[PDB]
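Q: Let me see the structure of the following:
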Amino acid sequence: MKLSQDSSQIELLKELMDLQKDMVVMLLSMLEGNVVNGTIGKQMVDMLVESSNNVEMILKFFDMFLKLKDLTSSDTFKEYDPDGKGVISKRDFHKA
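A: Numbers count the residues shown, from 1 in each chain. Take a look at the structure below.
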C-alpha cells in the first residue's frame, strides 16, 4: 500500500510482489499433500483467520487493480479521447 501510494518506487513493489509470490508458493507446497479435512489445511485457514485484516487489504488491492485493468478498456475509456496517446484530464476518469 505504501509503495503504491506513490510513484518512482516500482522496483521495491515488484520485489515485494515476487517475495509474496514465493511465500504463497511455499504455502501451496505445504498444501500439495492435503486431504479434505487435513490438519495442514486447518492450520493454514487458522493462520488466515489470524491475519484476516492483512489478507483482506491484499485482496482489496488486487481487486482494485484488476478492476482498473478491466474498466480501462470496457465501455468508453479506450475511445474517450482518440486523437493521440492516452490524454485524460483525470476528471472524466474519476467520474467514470
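Q: show me what contacts residue 46?
A: By CB atoms under 8 Å, 6 or more residues apart in numbering, the contact set of residue 46 is empty. Backbone N, C-alpha and C define where each C-beta goes, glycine included.
Q: Name the residues that touch the helix or strand containing residue 61?
A: According to DSSP states H and E, residue 61 maps onto helix 52-71. Contacts to helix 52-71, defined as CB under 8 Å, 6+ apart, come from residues 1, 4, 20, 48, 77, 96.
Q: what's the offset of the following helix or strand past that helix from the middle of its chain?
A: Next along the chain after helix 52-71, taking DSSP H and E as the criterion, comes helix 91-95. How far helix 91-95 lies from its chain's middle: 22 Å, per CA atoms, centre = their mean, to the nearest Å.
Q: Report the buried residues of helix 91-95.
A: Across helix 91-95, burial judged by 16 or more other CB atoms under 10 Å covers no residue at all.
Q: do stretch 25-39 as well
A: Per 16+ other CB under 10 Å, stretch 25-39 contains no buried residues.
Q: what's the span of that stretch from first residue to last?
A: 19 Å (CA to CA, to the nearest Å).
Q: who touches it?
A: Residues contacting stretch 25-39 (CB under 8 Å, 6+ apart): 40-41, 44.
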